[PDB]
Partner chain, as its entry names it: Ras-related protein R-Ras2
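Single chain ahead, written as structure tokens, the form deposited without its partner chain.
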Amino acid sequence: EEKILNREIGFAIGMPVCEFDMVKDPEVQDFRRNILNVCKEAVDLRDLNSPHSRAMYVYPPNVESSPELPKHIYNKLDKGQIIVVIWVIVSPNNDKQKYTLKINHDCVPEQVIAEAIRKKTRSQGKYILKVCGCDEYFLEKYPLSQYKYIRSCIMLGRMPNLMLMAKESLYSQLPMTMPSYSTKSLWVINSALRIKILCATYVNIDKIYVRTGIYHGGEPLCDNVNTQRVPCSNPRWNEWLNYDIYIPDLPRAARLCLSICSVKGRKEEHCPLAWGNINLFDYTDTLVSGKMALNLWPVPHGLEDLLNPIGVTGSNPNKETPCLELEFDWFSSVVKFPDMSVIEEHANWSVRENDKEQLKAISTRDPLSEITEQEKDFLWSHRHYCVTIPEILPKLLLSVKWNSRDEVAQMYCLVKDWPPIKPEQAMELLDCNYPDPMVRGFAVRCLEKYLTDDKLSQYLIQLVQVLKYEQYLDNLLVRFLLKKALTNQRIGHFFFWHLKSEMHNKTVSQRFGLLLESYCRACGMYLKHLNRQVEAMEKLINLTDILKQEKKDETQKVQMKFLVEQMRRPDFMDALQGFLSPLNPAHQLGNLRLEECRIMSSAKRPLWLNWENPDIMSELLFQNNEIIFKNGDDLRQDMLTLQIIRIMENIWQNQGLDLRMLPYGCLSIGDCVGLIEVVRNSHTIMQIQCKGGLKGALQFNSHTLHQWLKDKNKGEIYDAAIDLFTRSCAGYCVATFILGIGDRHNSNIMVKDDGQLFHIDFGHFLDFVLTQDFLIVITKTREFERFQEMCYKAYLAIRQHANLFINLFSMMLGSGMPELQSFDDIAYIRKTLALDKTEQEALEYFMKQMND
């Protein structure tokens, strides 16, 4: 009954649901019950126009955010019309009958269906269109060219192949539950803040001390205060630390950031041994008081500082770790943060053309540009004129003295009536610099208003990451993402996998596990599919573990014999066949084609897997799905680079710059485990050179690449391939340069039969690469001038969207990626984009880099 659902949820998360029942934290239990409101609202939205609304939940339209086709895409059409092939399965014999149409690019799915009925009768609105080869439907009245598949066909030159299907055939397959577990004002406390550091347990160099601070985000609200140094032992300090801040001046998001530091005498070497952060107010707005024990966390690699203020808040669940005992003051009553009306009353009681141009210039600086003390005072004094340049809100929020309740009360009034800003600008307000709940609430409301499901999917990795910067389990951001996940199954699929992949990380495991329980409880029959995906991934992790540890250096043929022997076991055959691809849940993975699978020779010995596509029309898309499974590489850097490449391509496409990129799929499934989408018909430059080269001859020649392209494209198709190569080469030259991608050797650069060039392996970023061989394919015979112009325009287009790229990296700051540990790492993009120069000065910098 409910025990069956809880067992399936437990297998999906990787931890039993009864472990959440054991958690005594009132915040945990209140989250579990209060989040059910979002579950019910999503379930009600699915039954609104049932069964059509339920079908659009399971099969949402995969569309672009704009119907307007850029001038260069419209030119690929035949007088604004497209040729589509509509297929029908006739039964008996399941014969595939096609009907070819020439219709307006903006025809809605029902108009396409009506035109197919006309063509079929040359030898009624109860039909739907499906993409041939995959479980993707056109269930919504969008213009046909707005669907990503159709838009992608126009660009790739391919002909769209759709399948006409009875509406009742699909609706019949759509499957048809609340769980059992369902004062003084802060401003009247006249005293200053003091916190007692009692003692530490589970700390066995010369002397030890506790480093403390009051922080709002990563900014200290007063000076940091340390306890006395004590000789190691299990130190007792019994010392009240006094902060230069009065209790009423404490902002709502104020935190205590602790560290147990060691001192080693030589000048003195100070090292943090463990760290922990505490919210000074709990989720119910109560200022903390009384005794409290905090279990600390291990210091993350590359900290450098003594405190970790960006780090997660709360006690380490492993209670066998350094444990610090603290005491807060009790003011003879439960103290609460004042209501918005009370703050409003205090904000009221708290009271040129050269200025307008200076405010406009400050507003246009990137998120990492430094804002001086004079500028902060200038912005705050003109705070009322600022509501007329809404894009200045991030700069104005950093000008506020958060340790002054008079300025904060006035900022709350400005935030309450601030005009909405674009989602790419509102995402800046969700990073670690903006912990204030009013600032975060405004940013979330801008996302609910202006974020399409396409853009939400595009930015999902950052939105799941910024959940770690939230003070509490229950917040506006989590409610927004969970609702969107429970009303769009494509969002829910990746939402589940982004959370599940981080369950090994104990700093987030409880937050993400509780969030996963509410998702699994309301996602419906998709939980059964997710369980099959989980089981296939576990079986592949076990298989690659044995391969890398036991048969580490065995031959490929002896490795395959173990693979085939393990795929003789019933549990393995069941687990690795008949499940949806986590890279794209529209792709069903049928039977494993072991004869096409292999253990790759590459580092960590990845698995190259091949499955039959069991779609009735598989031949019209791809008969087999190939996926690389890797155990050992942190695929998070690759995921982020692949997302950035996708965004850069959209920037270029919308500006009339057809620079074709290949952001293939990559998904992190857990700790250094994951999947990589195989681009079919592709080869590395090293493989192209070791094809033109013979047995014993040099595997090194700069004229081989252009020769292999000519053999693959003879005739009229040669001109198209050279143009595609030039455009894609231009895009990747600009991209790898701006992002500072390393290891750009001929085994990490690939080419497709059609001329399309792309890069792979992004283990290095944020710290130019071209060969003579590529120049031969593209020295300056008019083709180099056209290629140069492409690079210049591509470089400037990315420079105009620099704030978005800086923000996407800034939101990932708390992931733990070795190449992205502070805002100084992101400053590498400010240098390549030359944001400290003018538009013409940045182009000359880029031209000097290209000529070098």
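Residue numbers count along the first chain shown, from 1. Each form is matched to the other, and the largest set of C-alpha atoms that superpose within 1.5 Å is called the rigid core.
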Practice prompt. Would you mind checking whether residue 696 is unresolved in the model of at least a third of the other PDB entries compared?
Written response: yes
Worksheet item: Do at least a third of the other compared PDB entries leave residue 205 without coordinates?
Response: yes
Practice prompt. Count up the deposited residues without coordinates from residue 176 to residue 177 and drop the result into none, 1 to 3, 4 to 9, or 10 or more.
Written response: 1 to 3
Worksheet item: Does the entry skip any residues of the deposited sequence between residue 266 and residue 267, and if so, is it 1 to 3, 4 to 9, or 10 or more, or none at all?
Response: 1 to 3
Fill in: Average Cα temperature factor in the PDB entry - higher stretch of 372 to 380, 212 to 220
372 to 380
Worksheet item: Looking at the deposited entry, does 589 to 597 or 682 to 690 carry the larger mean Cα B-factor?
Response: 682 to 690
Worksheet entry | Residue with highest C-alpha B-factor in the PDB entry, from 316, 348, 487, 584 | 348
Discussion item. Take the CA temperature factors straight from the PDB entry and tell me which of 282, 135, 357, 538 peaks.
Written reply: 357
Fill in: CA B-factor ranking of residue 814, expressed as a third of its chain
middle
Item to complete: Check where residue 823 lands among this chain's C-alpha B-factors and tell me if it's the lowest, middle or highest third.
Response: highest
Worksheet, complete the sentence: Binned into thirds over the chain's modelled residues, the C-alpha B-factor of residue 744 lands in the highest
Worksheet entry | Ranked C-alpha temperature factor of residue 234 among modelled chain residues, by third | middle
Item to complete: Sort the modelled residues of this chain by their C-alpha B factor and say whether residue 805 lands in the lowest, middle or highest third.
Response: middle
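Below, we turn to the form deposited with its partner chain bound, even though it does not appear here.
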Worksheet entry | its partner chain in the deposited bound form: contacting segment from 604 to 612, 97 to 105, 279 to 287, 541 to 549, heavy atom within 4.5 Å | 97 to 105
Worksheet item: Is there a heavy atom of residue 782 no more than 4.5 Å from a heavy atom of its partner chain in the deposited bound form?
Response: no
Practice prompt. With heavy atoms only and a cut-off of 4.5 Å, decide whether residue 229 touches its partner chain in the deposited bound form.
Written response: no
Discussion item. Within 4.5 Å, heavy atoms only: does residue 376 come near its partner chain in the deposited bound form?
Written reply: no
Practice prompt. Give a yes or no for residue 267: in the deposited bound form, does one of its heavy atoms lie within 4.5 Å of a heavy atom belonging to its partner chain?
Written response: no
Fill in: Position in contact with its partner chain when the complex is considered in the deposited bound form, options 293, 83, 188, 192, heavy atoms within 4.5 Å
83
Item to complete: Name the residue from 341, 354, 123, 180 that puts a heavy atom within 4.5 Å of its partner chain in the deposited bound form.
Response: 123
Fill in: Listed options 319, 569, 449, 72; Cα moving by 2 angstroms or more between this form and the one not shown (core superposition)
569
Worksheet entry | Per-residue C-alpha change between this form and the one not shown, residue 293, threshold 2 Å, rigid core fit | no
Worksheet item: Taking the rigid core as the frame, does residue 102 move its C-alpha by 2 Å or more between this form and the one not shown?
Response: no
Fill in: After fitting the core, residue 159 CA displacement of 2 Å or more between this form and the one not shown
no
